[PDB]
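What follows is one chain in structure tokens, specifically the form deposited in one PDB entry.
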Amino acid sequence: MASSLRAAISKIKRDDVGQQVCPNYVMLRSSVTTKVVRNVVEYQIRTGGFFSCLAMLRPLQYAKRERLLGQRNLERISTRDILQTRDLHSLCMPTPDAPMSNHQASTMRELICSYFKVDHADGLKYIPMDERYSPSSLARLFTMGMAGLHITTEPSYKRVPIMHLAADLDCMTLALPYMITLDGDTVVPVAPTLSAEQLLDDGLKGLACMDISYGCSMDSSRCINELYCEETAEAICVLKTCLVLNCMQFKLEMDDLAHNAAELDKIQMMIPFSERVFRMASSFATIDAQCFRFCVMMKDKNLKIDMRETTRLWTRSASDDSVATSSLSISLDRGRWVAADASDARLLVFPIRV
């Protein structure tokens, strides 16, 4: 009565919260439940990883529940038999089996070392010599650090100074990042011309022209840039950097999903998924040029697109001449960002919760 195939199947993980799409990723990690009402099937998509990554714009809230978890969980996670990308993300480690980045890796390592007052050998555990890192793991590292917790290289939590900006923002419940320019004594929203990564170039200088409007569509609005002083400067740069890093991870994973046929075939032209991807990309449409051009294109096709054509658009949106911008003029009111072409609304980006 014993058989080999049954033994193979026995080992397979049968949690089955839903149809697991793009696991082994950080932000594109997705679950598809099926919900039937009458005779119509509504696919319900749960992408918690992305939404947790975006909640880092409020560091004390990101950290809130985990700071009351002892040094036990980190030590459990590391001792585990097989470490998935989620496990390594919790430890702020390089995530093999997931896309990674080699961009400004030394400046990023130098930042770990300066912020956390740590050695280069320790820096090399976060960002190895292959120079390849996972940007979201690195954001988690810094986001927690602003909240007063350093994830150490031995799985441990060490107490580090809590950033005043994190406490100053913790009241806020909505946020909108955008790009600005200074045309002399006045500040105006501008469309993203550079890519999120290129903000990291030149020692993170281009970050000065990103702003984030925090508020409670929104009210009691406070911009991060008006809270700039000598003491909050570092905290503002890190916050903006973590945002950029999460954007980079998104882009990396999307670029990889364009070529990962296994998971793309698994998505049976779910329009629900392609409008999810539109939400996710809209988060960064105000700070990354590619995601801008991508979101304008999909909204031009009324978001009734299957994932194949969708991640075809992603591939094309990496090039400046894929859509015409110069034409578009952008304004910001009531906490949402609008790009319009001669009174035609080409993209509307709403603020993100937490």
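Residues carry their position along the shown sequence, with the first being 1. Heads up, when I say rigid core I mean the largest set of C-alphas that superpose within 1.5 Å between the two forms. Residues that one form lacks are left out of the comparison.
Where coordinates are absent for parts of the deposited sequence, a chain break appears; between neighbours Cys216 and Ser217 it spans 10 or more residues.
Averaged over CA atoms, B-factors in the entry run higher in 67-75 than in the other of 279-287 and 67-75. Across the two stretches, 29-37 and 44-52, the PDB entry reports the greater mean Cα temperature factor for 29-37. Per the PDB entry, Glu263 shows the highest C-alpha temperature factor of the residues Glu110, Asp168, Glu263, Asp87.
When the C-alpha B factors of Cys242, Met146, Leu199, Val187 are read from the deposited coordinates, the top value falls at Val187.
The entry lists a Cα temperature factor for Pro272 that places it in the highest third of the chain's modelled residues. In the PDB entry, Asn225 places in the middle third of its chain by CA B-factor.
Per-chain ranking of the deposited C-alpha B factor places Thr325 in the highest third. Split the chain's modelled residues into thirds by C-alpha temperature factor. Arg58 is in the lowest one. Remark: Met129 belongs to the middle third of its chain, ranked by C-alpha B-factor as recorded.
The same protein also has a form deposited in another entry, omitted here; what follows describes it.
When both forms sit on the same rigid core, the CA shifts between this form and the one not shown reach 2 angstroms or more only at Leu182 out of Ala261, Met129, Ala233, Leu182. The two forms, fitted on the rigid core, differ between this form and the one not shown by 2 Å or more at the CA of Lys35. 35-40, 182-185 make up the set of runs between this form and the one not shown where every Cα shifts by 2 Å or more, each run at least three residues long, with the core as reference frame.
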